[PDB]
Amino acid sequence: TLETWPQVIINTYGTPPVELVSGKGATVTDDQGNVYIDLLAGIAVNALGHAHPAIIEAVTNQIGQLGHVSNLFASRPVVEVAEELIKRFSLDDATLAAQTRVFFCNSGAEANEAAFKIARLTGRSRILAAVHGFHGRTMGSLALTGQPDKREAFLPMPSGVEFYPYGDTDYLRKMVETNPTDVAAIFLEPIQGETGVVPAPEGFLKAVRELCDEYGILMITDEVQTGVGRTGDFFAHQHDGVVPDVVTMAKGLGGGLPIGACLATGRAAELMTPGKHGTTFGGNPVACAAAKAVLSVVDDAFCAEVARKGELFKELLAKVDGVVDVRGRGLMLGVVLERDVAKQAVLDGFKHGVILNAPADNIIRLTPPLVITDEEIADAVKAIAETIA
């Protein structure tokens, strides 16, 4: 596996240090039988952990019935998932739900490519994206990503994107006001994932929403990582009390199966007309079966349990020597460390039975399966403490 990995896989990720074979709830096992507590979830994708019974049942049922059908044909699962996304998006406002639609694709990148294309249908040249933002690695999504060293090699980028400091309301408003009626869309992560874990400051998503409302700009929330109950609400942006024009989704929606989604309400939904956008695998019946199972489990009470478990983590880690602050909400958390020792904590965490992630030198990201138990959270905090000590 690892021996034959570098002879066949394009060296885009290096060679992985561990091979995983199996997993269950918030635990995973390697090719030697070592069991770790998973605090990464394949980068916030495994919302229900590995082999969740809801997902197994949904996927085995569906694979024995019907796999890929084109969008030349209708399929029960895509529609059920569209319906439930629009319901969770609308928070009981039937008028909003009735103006909302979803376009299905296969990744966050593809999902931000559909939002990019909606931006272009506004007839406006300017797109605004945050510094340290990440929207994906396809050419549109990379254009939107606020990370120079990722873009350089592949210039020229599809034109139009400019970058603002995340949460600088003053800068963003002036930036818009330099040429307001030519701003198609403003893209933002409700909490920035790639950088570290940087929540939208208090009032920022409202500010952006109101600024979008004058000047007729689309507000686009990248919920690829923050979505499906990770932050304590179904959508991070729901906590800031905003109705975005466009929401992009992937990772946690498909429960270990490749899925993406571009939700658009109002004008934005009407902008995509027949023939303007498309994807072959869009609405895959098996991945949409896994999505429905995830949406049946990740309800209002399960999302509340994520919020409490995130507060439990913050409480236990503030008492740990080595940690200065824990930022984020629910199970999207960034442990800020006293010393730049995060990379070494990930490498020494494996010995303490824990899979960590270090987006920076002073930051450990905790993106565990939302099904994680309180006991696993307590064992994980002790593991982080005895790794950093």
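So that there is no doubt, residue numbering starts at 1 and follows the sequence shown.
Higher mean CA B-factor, judged across 317-325 and 40-48 from the recorded values: 317-325.
The mean C-alpha temperature factor is higher for 190-198 when 162-170 and 190-198 are set side by side. Within the selection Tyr215, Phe235, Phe103, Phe154, the deposited Cα B-factor values reach their highest point at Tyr215. Sorting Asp245, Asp222, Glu270, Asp182 by the CA temperature factor given in the entry leaves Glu270 at the top.
Per the PDB record, residue ranking by Cα B-factor puts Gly266 in the highest third of the chain. Among the modelled residues of the chain, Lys276 sits in the highest third by CA temperature factor in this PDB entry.
The entry lists a Cα temperature factor for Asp300 that places it in the highest third of the chain's modelled residues. Looking at the C-alpha B-factors along this chain, the one for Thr95 belongs to the highest third. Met332: CA B factor lies in the lowest third for its chain, per the PDB record.
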